[PDB]
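Chains as they are written, first to last, in PDB author numbering: chain D, 1 to 135, 141 to 218; chain C, 1 to 211; chain B, 1 to 11, 20 to 124; chain A, 4 to 132, 208 to 612. Each residue gets a CB set at the ideal place from its N, CA and C atoms; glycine is no exception.
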Amino acid sequence: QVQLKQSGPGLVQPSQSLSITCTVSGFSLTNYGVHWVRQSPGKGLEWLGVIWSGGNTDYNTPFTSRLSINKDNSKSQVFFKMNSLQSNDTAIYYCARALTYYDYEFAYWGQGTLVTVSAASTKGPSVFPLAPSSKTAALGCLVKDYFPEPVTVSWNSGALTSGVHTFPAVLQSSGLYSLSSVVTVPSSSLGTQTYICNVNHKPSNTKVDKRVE
Amino acid sequence: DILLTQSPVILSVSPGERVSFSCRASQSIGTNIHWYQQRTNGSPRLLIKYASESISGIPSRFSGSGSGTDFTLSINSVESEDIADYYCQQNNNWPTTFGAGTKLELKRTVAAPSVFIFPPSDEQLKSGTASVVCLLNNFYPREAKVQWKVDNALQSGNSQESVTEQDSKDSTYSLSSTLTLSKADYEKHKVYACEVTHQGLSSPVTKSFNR
Amino acid sequence: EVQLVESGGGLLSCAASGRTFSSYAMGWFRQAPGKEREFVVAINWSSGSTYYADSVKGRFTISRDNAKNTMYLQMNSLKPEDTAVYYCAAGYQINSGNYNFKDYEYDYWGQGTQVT
Amino acid sequence: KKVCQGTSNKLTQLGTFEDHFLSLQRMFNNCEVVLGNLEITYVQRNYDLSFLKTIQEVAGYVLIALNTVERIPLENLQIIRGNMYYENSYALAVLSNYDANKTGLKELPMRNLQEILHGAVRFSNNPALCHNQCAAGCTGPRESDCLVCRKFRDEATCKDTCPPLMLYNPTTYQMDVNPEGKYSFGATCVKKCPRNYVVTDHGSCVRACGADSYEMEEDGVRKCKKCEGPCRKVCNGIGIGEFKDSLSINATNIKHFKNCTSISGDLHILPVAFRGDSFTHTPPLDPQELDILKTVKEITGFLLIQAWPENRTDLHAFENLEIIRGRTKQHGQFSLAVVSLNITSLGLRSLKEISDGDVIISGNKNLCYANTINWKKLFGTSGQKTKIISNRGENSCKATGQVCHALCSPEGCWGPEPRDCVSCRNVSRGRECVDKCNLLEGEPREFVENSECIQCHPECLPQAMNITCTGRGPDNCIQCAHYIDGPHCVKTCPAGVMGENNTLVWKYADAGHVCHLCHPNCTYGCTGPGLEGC
Ligand SMILES: *[C@@H]1O[C@H](CO)[C@@H](O[C@@H]2O[C@H](CO)[C@@H](O)[C@H](O)[C@H]2NC(C)=O)[C@H](O)[C@H]1NC(C)=O
Ligand SMILES: *[C@@H]1O[C@H](CO)[C@@H](O[C@@H]2O[C@H](CO)[C@@H](O)[C@H](O)[C@H]2NC(C)=O)[C@H](O)[C@H]1NC(C)=O
Ligand SMILES: *[C@@H]1O[C@H](CO)[C@@H](O)[C@H](O)[C@H]1NC(C)=O
Ligand SMILES: *[C@@H]1O[C@H](CO)[C@@H](O)[C@H](O)[C@H]1NC(C)=O
Ligand SMILES: *[C@@H]1O[C@H](CO)[C@@H](O)[C@H](O)[C@H]1NC(C)=O
Ligand SMILES: *[C@@H]1O[C@H](CO)[C@@H](O)[C@H](O)[C@H]1NC(C)=O
């Protein structure tokens, strides 16, 4: 199985620099290059550059001056580095591999790293239960006042997926994000099954489990 | 440089229909075109390589045709699972570049929302704030009206909505509306109501609770 | 593209079509059941110079029909000590020959004509 | 007469004083004539050099140095030709024949050494010391009646030169193969080269053809044909032999590819070569040393270029590469791969075949052309496919006028120059496409032979407002620019060349510049008809 797994902080202050590590598995960096591609919510998918197998690089024109990709074939990982970021550099950054040597049919993609460019401070969420009333029932969690994105939410630690709706974050007037995850469940379950929402917010390193009764 | 133009921008389609995504290239590039699928919160997924060559794991209903400037990605019978953005990619001129995508929406029968309303947790109220959430679960079409009411007083500019993406299985939508009062304002009132208007409802549904 | 059509053997012709065999050199190899494949004859195309193997020397005769693009071989006065499978080969040469034939290179091979 | 090769070791000592003598005997044992040099060195005391009595002649030089032996019996040495010199201009050099043991050379009885044919003599530090074409002495007034010849010999006869291979036929104005002609083996005229010897491109019989020449066969006799350009030198490729655990062509291994023409394997050029690899104690490669590969015309395996001089516009070092057989392939796939280079044109103008394997040209952001080639023409094996991806767009390339030249055929180009065309639109001169051949104007005048201009013979006279020749030969002329020997335009009439009956034929110039036969009586030359010539 071929995998690109990437790790890196996704909050970078203006004029400061972004760093992402793409850790490779299923193939060698000595036989294949690794490409970098970003995706802004407006300006679509954009190819940043490559580190070829021989260690030589190639950067897209608007990134020559501020991009450096290196790697370590032994540790089997790749290091993306881009400098003096600004607001327009806010996007999701991906590492990718092509299906075939020397080519660009990107069949294998990293999970992506959500880079947010802001001077604002990181802030963990508060978690509040949405308890099911007395009247199929619905229940959920309120994930409020966090920054930056993203926050990941699961139910019963993965065991509960059907009927779940984790809503897209909304920007509050405070400039903090707020989000709500809900699930529908047979009313005949409340006093039968315990329901727990697992909220995780990497940038603040806040992991929270709140039971909903 | 070279331009990949994708049309249409959004494409709504009933299940079973035929679908054609167009990607026209400003220069002639033979068959140096790839296609990708990208579902919500997911990474792009290679569908077709070099205009028509199929990729393993991708279902048979996807196919690609064309050469030179005009390229096509085809679905012979659309299913709800196929909801996503679709991008084309050119391999010919340096540097490789992507189209701006086509969004595939899906049509379906009208479906009225299940409405639920949640009060503020007592934990939250301790912190001096009170959020009140109204939920509209699994409905179609997307257009829906939500009125918050506190003791029969229409609220304005103290609520925020969020709509989920179209579901992969039933192709419905879901919506959360969130009213925020101060603890003080919240405690200075009794009735809290969410009035939902939708095409699948004969009369506006209301769900409520008394503090 | 480069096709070598073998036809003529059993209890010998090599029709070579596909490209300009100007600087080429075609010949014949043989392989015995229980041994390696071995040289037998070879012939430069331009000029029509020729090179035989020792055991093949005299007892054989190779020729070239230009324009028709074909390379014939005579197996007159054969013996049980020469029974094997025969492939006709072809290869581009760096300078239309002009170096020792034992160091010629062959890239395209025929299918396999039997000789018992 | 017995013949030994000789030696050219100089003052070098071959092993122990015993090993040196033991190897001196084996060479010069029973030898009568020395083709090379006679080198006697480091001979110890009480060592019998009595086998040197058989030596009758030496062609090269003779050296006698650092000898402590008492006697060196060269009692039969009759001649020293001096084909070579030892140092400066000494054909015979006898130097420092002594030791710190008080025992040097006493007796050097060269009683028969009458003549030294060429070169002076040098003696120092030796404290204990007739016909017309003959040389040494004469046992008669004739040439056969001589001890040793001056120039050559031919069965007793002492000639000044060996009988030519061919003789001018005054009838058909052509040449004929002389049945009295013989090769020049040493100072002898033999009708056939000896066992395990080879004919020169002209005359002699040598064991080794040497450089600038290879060994071909003609009329059952192995000869030495000159190498059209560099001689063929096969060499090992990356991964094999010298480069077993080699990753790329680096500053270390690059030297060994000198004068190589054919690579038995693969060829890798990777960025590590330009960076250097400490982990292998390999320094950076200076790009200029890639020129070494210009001599490469063929590669049995594949060609992989992942790094290249950024200031270099094309694959210059492979401007003479003719074929890639692709017998071995990258990942079992590619025979040619060019990835992420700065180049503008590939520049493989000599490439004519890629027998197998796929081609991948990818990521060369400045690379133009490349898509103009029809690679099908180069492929020999079916299923071969090319991938030309993410290089410079054709349209960008148009905007700067980097397109195949107007003289190129539609088959495409390896670059912008007329010498980069795959094939020509009209005609080629050298490796260059052109508009027309110089038929009725221009220097030189030429003629067409299959889409190619060919220089008329330089003895054809340029005709204003018409052609000047029809074939490569001087017989194909229209008007002879100088003289005429029948159907042959010439720059000088035949005067001095040998012919039938062993008679030197002479010709003079008719005022119409036509070569005619002199009178037989005139044997040393003639400047007109009749006896009055000489
Ligand atoms: C450059 O070439 C040299 C010689 O071909 C390589 O040096 C060899 O390295 C192997 C593995 O370390 C050793 O076993 C040999 O003893 C070395 N030979 C010599 C002559 O030094 C070297 O590895 C090559 N470097 C690269 C980057 O390919
Ligand atoms: C890499 O190659 C490119 C194209 O060959 C070179 O670009 C040209 O460089 C020359 C240098 O004399 C300039 O005169 C031209 O103006 C450049 N072409 C342009 C700007 O279109 C580039 O120089 C090479 N890179 C290096 C480091 O040598
Ligand atoms: C935003 O990006 C643009 C290029 O798209 C560039 O001018 C700069 O990086 C940013 N703009 C500023 C700093 O005004
Ligand atoms: C390369 O060829 C030249 C040709 O004159 C020769 O002089 C030189 O010795 C050769 N170098 C080698 C074999 O390393
Ligand atoms: C390439 O750059 C080097 C830099 O040292 C320079 O010496 C050389 O002349 C350049 N090559 C050219 C101009 O062809
Ligand atoms: C060269 O060939 C082209 C193609 O037919 C032709 O148009 C042109 O006149 C030719 N030029 C000559 C023969 O000088």
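Return the first residue and the last residue of the alpha helix (DSSP H) that residue i is part of.
i, result
"residue 242 (chain C)", "In the structure displayed, chain C extends from 1 to 211; residue 242 (chain C) sits before or after that span and is not available."
"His-23 (chain A)", "20-31"
"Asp-122 (chain C)", "122-126"
"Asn-473 (chain A)", "472-477"
"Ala-351 (chain A)", "350-353"
Given that a residue counts as buried once 16 or more other Cβ atoms are within 10 Å of its Cβ, and exposed if not, what is residue i?
i, result
"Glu-527 (chain A)", "exposed"
"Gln-90 (chain C)", "buried"
"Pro-272 (chain A)", "exposed"
"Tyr-95 (chain B)", "buried"
"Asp-392 (chain A)", "buried"
"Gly-590 (chain A)", "exposed"
"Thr-250 (chain A)", "exposed"
"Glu-524 (chain A)", "buried"
"residue 2 (chain A)", "Lying outside 4 to 612, the shown extent of chain A, residue 2 (chain A) is not represented and no answer is given."
"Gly-66 (chain B)", "exposed"
Counting contacts by CB-CB distance shorter than 8 Å, is residue i in contact with chain A?
i, result
"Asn-56 (chain D)", "yes"
"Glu-1 (chain B)", "yes"
"residue 139 (chain D)", "The residue list of chain D ends a segment at 135 and starts the next at 141, so residue 139 (chain D) has no coordinates to report."
"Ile-33 (chain C)", "no"
Which residues mark the beginning and the end of the beta strand (DSSP E) in which residue i is found?
i, result
"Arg-38 (chain B)", "32-39"
"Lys-81 (chain D)", "77-82"
Please report whether the beta-carbon of residue i lies at a distance below 8 Å from any beta-carbon of chain C.
i, result
"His-170 (chain D)", "yes"
"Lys-443 (chain A)", "yes"
"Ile-467 (chain A)", "yes"
"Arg-470 (chain A)", "yes"
"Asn-389 (chain A)", "no"
"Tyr-102 (chain D)", "no"
From the beta carbon of residue i, is the nearest beta carbon of chain D less than 8 Å away?
i, result
"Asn-158 (chain C)", "no"
"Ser-440 (chain A)", "yes"
Can you tell which of the options has its C-alpha closest to the C-alpha of residue i?
i, options, result
"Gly-110 (chain D)", "D:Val-190, D:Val-37, D:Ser-15, D:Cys-202", "D:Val-37"
"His-280 (chain A)", "A:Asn-274, A:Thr-266, A:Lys-304, A:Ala-289", "A:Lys-304"
"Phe-21 (chain C)", "C:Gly-57, C:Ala-84, C:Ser-174", "C:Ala-84"
"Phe-63 (chain D)", "D:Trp-52, D:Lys-71, D:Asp-72, D:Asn-83", "D:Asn-83"
"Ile-341 (chain A)", "A:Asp-297, A:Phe-396, A:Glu-295", "A:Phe-396"
"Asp-89 (chain D)", "D:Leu-195, D:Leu-4, D:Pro-14", "D:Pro-14"
"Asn-449 (chain A)", "A:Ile-466, A:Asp-434, A:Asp-238", "A:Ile-466"
"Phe-71 (chain C)", "C:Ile-48, C:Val-78, C:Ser-56, C:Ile-55", "C:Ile-48"
"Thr-5 (chain C)", "C:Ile-33, C:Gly-99, C:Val-19, C:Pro-15", "C:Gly-99"
"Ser-133 (chain D)", "D:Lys-212, D:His-206, D:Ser-192", "D:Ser-192"
"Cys-486 (chain A)", "A:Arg-503, A:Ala-477, A:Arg-470", "A:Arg-503"
"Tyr-60 (chain B)", "B:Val-93, B:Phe-37, B:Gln-119", "B:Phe-37"
"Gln-1 (chain D)", "D:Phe-27, D:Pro-9, D:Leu-18, D:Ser-7", "D:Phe-27"
"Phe-380 (chain A)", "A:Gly-317, A:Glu-35, A:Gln-366, A:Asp-344", "A:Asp-344"
"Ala-144 (chain C)", "C:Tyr-173, C:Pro-120, C:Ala-184", "C:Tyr-173"
"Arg-550 (chain A)", "A:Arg-427, A:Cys-534, A:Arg-470, A:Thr-581", "A:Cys-534"
Exercise. How do the region 245-260 of chain A and the region 22-33 of chain B stand: do at least 3 beta-carbon pairs fall below 8 Å, yes or no?
Worked result: Cβ pair count under 8 Å is below three, so no.
Exercise. Any chance the region 94-113 of chain B sits against the region 4-17 of chain A, with 3 or more Cβ pairs inside 8 Å?
Worked result: no
Exercise. Are the region 69-84 of chain C and the region 153-172 of chain C touching, with three or more C-beta to C-beta distances below 8 Å?
Worked result: yes
Exercise. Okay, do the region 176-195 of chain C and the region 149-156 of chain C touch, 3+ Cβ pairs below 8 Å being the bar?
Worked result: yes
Problem set entry | Contact between the region 178-192 of chain D and the region 46-66 of chain C (3+ Cβ pairs under 8 Å) | no
Exercise. On the three-pair Cβ rule with 8 Å, is the region 52-71 of chain A touching the region 91-107 of chain A?
Worked result: yes
Exercise. Is the region 455-464 of chain A in contact with the region 421-434 of chain A, if contact means three or more CB pairs nearer than 8 Å?
Worked result: Counting Cβ pairs under 8 Å, three or more are found: they touch.
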